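# Notes for the structure review
The primary structure of each chain is shown beneath.
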Amino acid sequence: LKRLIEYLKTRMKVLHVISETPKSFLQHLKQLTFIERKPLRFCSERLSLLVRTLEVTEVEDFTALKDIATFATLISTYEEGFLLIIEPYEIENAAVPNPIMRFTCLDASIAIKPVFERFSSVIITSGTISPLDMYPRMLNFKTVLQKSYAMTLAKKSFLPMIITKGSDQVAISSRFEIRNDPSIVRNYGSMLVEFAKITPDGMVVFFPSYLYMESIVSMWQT
Amino acid sequence: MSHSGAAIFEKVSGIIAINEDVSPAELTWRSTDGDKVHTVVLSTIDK
Amino acid sequence: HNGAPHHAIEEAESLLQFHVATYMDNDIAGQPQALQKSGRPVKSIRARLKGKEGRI
Amino acid sequence: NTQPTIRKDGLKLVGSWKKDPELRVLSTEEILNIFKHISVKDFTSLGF
Amino acid sequence: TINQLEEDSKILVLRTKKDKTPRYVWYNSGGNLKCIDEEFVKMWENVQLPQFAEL
Amino acid sequence: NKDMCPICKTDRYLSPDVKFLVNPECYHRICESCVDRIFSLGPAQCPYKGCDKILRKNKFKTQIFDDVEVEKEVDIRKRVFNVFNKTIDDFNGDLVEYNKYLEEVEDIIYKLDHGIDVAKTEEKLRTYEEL
Amino acid sequence: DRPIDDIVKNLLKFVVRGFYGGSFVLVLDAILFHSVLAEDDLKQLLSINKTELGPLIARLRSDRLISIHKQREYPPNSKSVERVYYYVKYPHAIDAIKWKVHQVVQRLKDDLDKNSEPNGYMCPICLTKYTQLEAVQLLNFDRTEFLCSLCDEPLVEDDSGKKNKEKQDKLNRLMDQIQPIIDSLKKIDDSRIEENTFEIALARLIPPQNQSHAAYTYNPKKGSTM
Amino acid sequence: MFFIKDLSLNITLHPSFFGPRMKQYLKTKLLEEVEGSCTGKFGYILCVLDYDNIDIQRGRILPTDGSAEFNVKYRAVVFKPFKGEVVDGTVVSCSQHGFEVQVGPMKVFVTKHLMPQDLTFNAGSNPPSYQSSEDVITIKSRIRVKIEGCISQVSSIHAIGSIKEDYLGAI
Ligand SMILES: [Zn+2]
Ligand SMILES: [Zn+2]
Ligand SMILES: [Zn+2]
């Protein structure tokens, strides 16, 4: 485990983004540290057994070993549909480099495959699941019947509208690079004030990201 | 730094300091040689 | 090394420049001639090269 | 930058910059430093 | 007293070249006056700077 | 020190030429400039105080791991695994005996690392590499 | 005030206390305390002579420890002298100190390399050195002694290598002694330095006396095209 | 190190050798100043190959001496040392400064500072030698030495050797 951790620390000292398959990582680890895939597949089980047999009263010092065992067990058993990303900068705004290693699951159908294999009848249902044919391609399962209901309304129960331009006919967008533009923010602020003036009870506003909302609310207050 | 500065009062070099936390606030001028100390009563100021 | 006003430094470097110049060429237009103890002009290298009595 | 007019007074050179003339003696160390910065292609065009 | 305070690197004293007589006393706000050995000091005098434009 | 090389006493900041020139015999923070000064003439003892093992200049390398103990463990693992290379197919699929062989090679690697039984395990390794 | 200014002031105080004598320390501490000082103010504060400050100002100018400003002003009595203003260019001074210490440690490494070269030989009669390469071409027919080219005298052995470790010891005895300097430049390299000049130094000066003949107000001129 | 090279030499034949068989005088005088001669540019020249056909150019009479200057081009075997090369040899002389080892036609001096410290001089033993705890270095003894420096003049070559490196010394 110690030499695996030191190999990970060696791999984190990089100046550019490395995108590598788990098989390439395993080959590099074997050729640099003589660690095979088969002992890595038993890393979490062996660590749990060792912690049990040690009868440690404190486990807070060993919480970081759980992440190493998780990484060792995940990257050894899985080699298809997974990709390892090493980035020299976790956040580009920071001056000092802060490396981060992300082992992410690209194939979302892997985790949901035993659910469909074990259970014959699965009823996927959401209030706004659309389009209905995207999900059986995204996740490997076959639907016997897929359909979307339209509510029968005496009167038009909800009134949607798409606002493409502001009051002064200036086009409005929430792209991240143009968040600091005056005019779009003028249109958004005037829109929010007018809607607050005309809404009786309550009103909820949704934003694409937390940072965008922070910036726009701070300069609205400005 | 904003409350302290070098100055020439009556053709004598010295330092101007602001005593703001006390009520009334004061402007104290002290010569670098310590010859004299001049203070200002800030309540009765017109122009 | 021991510190001097810029007039003294310029004067000393002008003296050094003049000595080097008269060592290489004593007959300069618009310049004083370096003289010997007897008063005769110093025979510079250019004077030793030019003329019918020169090296050439 | 404006190049001064250079004229000789004995064993030294003096430069007078153009008035928008301020005259000063150009030291030999300054001339040596400027000659050190002359590129190879530059003085080859000058015949050096 | 000034002689004892000089060697303790507390005060800066101005002494004549003819004899070690204290005349003017300052405050040693910096470090120790004998922090560097003499043999290195002359080496510090063996180096110089080219000009104001290179550095 | 992690930053400074005590043999030449040079900080990494004003002297960027310092590098991680480690020794397989005894791992130390000696820089390349100290290596090219002392050991260019010939083999010598360890320049660090408290250590005097004889080392060669051509055996020098760079450390790939931050921890010295992990680096020497991996190098001992390389020095043992070169002749100890029996695989599953070498045991004809015998899984239990392969595990016993792996336990034995890990045990002799541990003994070479901590030096508790260095002489007997070194003799065993020397007899095994002849075969 | 600014912590980086305190660090560069302590750095400038340390380099003059070590490699320079006491009068140099007095001059540099006078400039560091009173950020803008002229010649008359420096003489009045230090009680120093004009000839005494000569070598001191020459050495601190040669190492760029003190920058000089050649501004002349117009006092009301019109008896103006071209007073020189001594101040400090903080980035220039720290760059000069960094370059000087880098050249010193490079020269010491080169001296260590030269001492690592074998002993060689030297002739006590003609006071000439001879390397080990050219000693072998000068050995006798008996293959026992190396004879001189001119004196025909047996060469004695020099000590190039016997004191080499001592140079390394000298190296060690420099480095801890230069340890506060390198540690100070870490925070300097990790922070931003504002390039001061004569106009910038007038914002942080300390008045040396009440009646100063040198005027600190800058007088611009038209027509100067330096 | 032994090489085979093509060398050109200017030979000044005296007018007394301007006979019908001048070519054989030129070839004989070529051997006497090349065979065993030491030149710092090309090393110790040992033997002249391709003696049956040697390129002899037309000689130019010197305009004030009367001798004829020929540019004789020949192929010869040479021995040129280099630094950092390992050579074998036998010791021919020993002293307190060191011992001289004979490699080819050349005598490499091995200085006292460039041996392991176990070796020390012993002038009492006849012949004088260097004695160590594991080996002795005497006259007419095989020793392998690495040349770390060679100085080449216009007519002589001297080399400096060391045995401090591993897998050197006696064989
Ligand atoms: Zn080092
Ligand atoms: Zn060691
Ligand atoms: Zn001699």
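Residues numbered from 1 in each chain as written, not as in the entry; some residues may be left out. Chains lettered and ligands numbered in written order. Part of a larger assembly, values for the part shown. Heavy atoms only, no water.

Determination of this PDB entry was carried out by cryo-EM to a resolution of 3.1 Å, according to the record.

### Observations concerning the interface of chain G and chain E
With 32 residues of chain G in contact, the opposing surface of chain E contributes 28 residues. Buried surface at the junction of chain G and chain E, summed over both partners, amounts to about 3100 Å²; 61% is from carbon and sulfur atoms. By the criterion of area lost to chain E, the three top residues of chain G are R17(G), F19(G) and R64(G), representing 23% of everything that side buries. Joining chain G to chain E, the criterion identifies 5 salt bridges. (Contact = heavy atoms within 4.5 Å. Buried area = accessible area lost by both parts, 1.4 Å probe. Salt bridge = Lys/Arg side-chain N within 4 Å of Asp/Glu carboxyl O.)

### Some details on the pattern of salt bridges
With the rule as written, the count across this model stands at 48 salt bridges over all chains. The partner of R173(G) in a salt bridge is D37(E), and the shortest N-O contact between them spans 3.1 Å. Of this pair, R173(G) sits in helix α7 (residues 164–175) while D37(E) sits in the loop between β2 (22–27) and α2 (38–44), placing the two residues on different chains. In this structure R173(G) comes out as partly exposed when scored by relative accessible area, which is 34%. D37(E) gets classed as partly exposed once you look at its relative accessible area, which sits at 29%. A salt bridge links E45(E) to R59(G); its shortest N-O distance comes to 2.3 Å. Placement of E45(E) in the segment after α2 and of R59(G) in helix α4 (residues 53–62) is noted, with the two residues assigned to different chains. In this structure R59(G) comes out as buried when scored by relative accessible area, which is 19%. (Helix = DSSP H or I, 4+ residues; strand = E, 2+ residues; numbered from the N terminus. Buried < 20%, exposed > 50% of the residue type's maximum accessible area, 1.4 Å probe, protein only.)

### Focus on the interface of chain C and chain G
Across the boundary between the two partners, chain C contributes 4 residues, which contact 4 residues of chain G. Interface area for chain C against chain G, summed over the two sides, is near 270 Å², with a carbon-plus-sulfur share of 60%. In terms of surface lost to chain G, no three residues of chain C exceed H1(C), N2(C) and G3(C), which account for 84% of the buried area on that side. Where chain C packs against chain G, one counts 0 salt bridges. Applying the counting rule to chain C against chain G returns 0 residue pairs in polar contact. A breakdown of the residues in the side of chain C that touches chain G according to their chemical character gives no nonpolar, 4 polar and no charged. (Polar contact = N/O pair within 3.5 Å; in protein donor to acceptor, adjacent residues only side chain to side chain. Nonpolar A, V, L, I, M, F, W, Y, C, P; charged D, E, K, R; others polar.)

### Here's the deal with the pairing of strand β3 (residues 43–49) of chain H
Residues and elements named next belong to chain H. Relative to β3, strand β2 (residues 38–39) runs antiparallel, the two sharing 2 bridges. Of the residues in β3, the one forming a bridge with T39 is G43. Once β2 ends, the chain turns through 3 residues before running back antiparallel as β3. Relative to strand β6 (residues 68–79), β3 runs antiparallel, the two being bridged by 5 bridges. Paired with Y44 across the bridge in β6 is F79. (Pairing = 2+ DSSP bridges.)

### Let's talk about the pairing of strand β9 (residues 106–111) of chain H
Residue and element names in this part refer to chain H. Here β9 lies mainly inside the structure; 5 of its 6 residues are buried. Across 6 bridges, strand β8 (residues 98–103) lies against β9 in antiparallel orientation. Paired with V101 across the bridge in β9 is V108. Two successive antiparallel strands, β8 and β9, enclose a turn made up of 2 residues, where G104 displays a positive phi of approximately 60°. Sheet analysis places β9 next to strand β14 (residues 157–162), joined by 3 bridges and oriented parallel. Bridging across to β14, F109 finds its partner in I160.

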